[PDB]
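# Build me a model from this:
(one chain, ligands or ions: 1)
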Amino acid sequence: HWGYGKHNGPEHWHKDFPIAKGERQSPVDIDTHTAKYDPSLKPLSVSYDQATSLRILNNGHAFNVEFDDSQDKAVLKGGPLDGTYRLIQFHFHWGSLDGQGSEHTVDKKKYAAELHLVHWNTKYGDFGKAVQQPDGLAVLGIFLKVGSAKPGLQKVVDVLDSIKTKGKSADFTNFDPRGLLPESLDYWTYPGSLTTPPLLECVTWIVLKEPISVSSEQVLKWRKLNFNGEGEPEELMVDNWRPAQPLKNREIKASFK
Ligand SMILES: [Zn+2]
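Numbers count the residues shown, from 1 in each chain. There you are, the coordinates:
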């Protein structure tokens, strides 16, 4: 099945998922000089005060911190969005080395990792129905660089020992995702896709300009996770990122300056 290895990585995905070569695939390189300021864009509204995390899961390609999305609690709205999008999970993509890991790039610069907070459009009722719509998802992307530790991340880092391998999950309540946000909500936005199979073209991407800093020790623990299941040969969960895809007929808009 698909993955990030030599024989099943991103260059192979199109064989099972032909939309891989589609017209609005993600991630993309963000050329900061060609992104146009759009003064009609609104400030992003990130309302996570009532967010209720439930669980953390190693799904064999990343770890997802999952939220109770059965009510309107943690919601993203405003910015480029029409309507209300509910937080369902977040996860990260990271590298084997600090010089790579992000999916989006900024003037070809790769960050050490990238956080994706995934939200679905409430007008479609559930996530499964939402991914079938061109405006079904809003994903907030945040870049990570290695430097000072992110205090708000440590609770995630410390539970990873209990979900080392594919298919393991652990209770993970009362995690506050506001602790993962940078100071500024300045962003770029463009229409795109899921960056993992099925690669559905259902995402409004909102990528924050300001990265957060995590420590070397923090990202080191991510690199000890496994793609494989328990009792299988060990493959470290690293370089779980899709590279930049062709922009094609799309414009990236900036919320700022
Ligand atoms: Zn992702």
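# going forward, measure contacts and count neighbours with C-alpha atoms only.
OK.
# what comes up buried for stretch 145-159?
Judged by neighbour count (16 or more other CA atoms under 10 Å), stretch 145-159 contains these buried residues: 145-146, 149-150, 152-153.
# Can you give the contact residues for that stretch?
Among residues not part of stretch 145-159, those counted as contacts by CA atoms under 8 Å, 6 or more residues apart in numbering are 98, 111-113, 170, 175-177, 179-180, 211-216, 218-219, 221-222.
# Filter those residues down to the ones in strands?
Those of these mapping onto strands are 113, 170, 212-214, per DSSP state E.
# Quick one: the helices in the stretch 151-257 of the chain, in order.
Listed in chain order, the helices found in the stretch 151-257 of the chain under DSSP state H, counting those that start in this stretch are 154-159, 216-222.
# and of the ones you listed, who's closest to residue 249?
Of all these, it is helix 216-222 that lies closest to residue 249, at 35.3 Å by CA to CA.
# can you pull the buried residues of that closest one?
Along helix 216-222, these residues count as buried under the neighbour rule (16+ other CA under 10 Å): 218-219, 222.
# counting contacts, what elements does it pack onto?
For helix 216-222, the packing partners by 3 or more CA pairs under 8 Å, 6 or more residues apart in numbering; DSSP states H and E come out as helix 154-159.
# how distant is the helix it packs on from the center of its chain?
Here helix 154-159 is found 18 Å from its chain centre; the criterion is CA atoms, centre = their mean, to the nearest Å.
# same question, stretch 17-27
From the chain centre to the centre of stretch 17-27 is a distance of 17 Å (CA atoms, centre = their mean).
# Could you tell me the end-to-end distance of it?
Between the opening and closing residues of stretch 17-27 lies a distance of 16 Å (CA to CA, to the nearest Å).
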